[PDB]
């Protein structure tokens, strides 16, 4: 019989909720999400099992959204092809040292100019010596 730690006006009751989620303009509903939900407000409390499941769904969704505009495999492929490590790739293309790990895991979207420059150099790798 726990009370909502937020509004203090509803009880937390175990059930399920479809959770809308938006990333980079793409909308989805994460459905049947188990948790404790406040009768009164939006406060929700998930256990570890529920949090983990939920976050995995969110991570999965974002990766599929990013994969609409660039395949993580294409990025890794062009990088290893230019014989760059991720840190070397980030120095040239920008984004900070973690940049390419984030693109290649599918968690962050590269700049449109990063993608397009990767496409130019995929067909014309020798051009890297011009701008390195």
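Positions refer to the first chain, counted from 1.
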Practice task
With reference to the PDB entry, specify whether the mean Cα temperature factor is higher for 1-9 or for 123-131.
Solution key: 1-9
Problem - Between the two ranges 102-110 and 41-49, the one averaging a larger CA B factor in the entry - result: 41-49
Practice task
Could you tell me which one of 36, 92, 70, 30 shows the highest CA temperature factor in the PDB record?
Solution key: 30
Practice task
Consider only the C-alpha atoms of the modelled residues in this chain, order them by B-factor as the entry records it, and name the third containing residue 60: lowest, middle or highest.
Solution key: middle
Completion exercise
Chain-relative C-alpha B factor for residue 15 (record values, thirds): the lowest
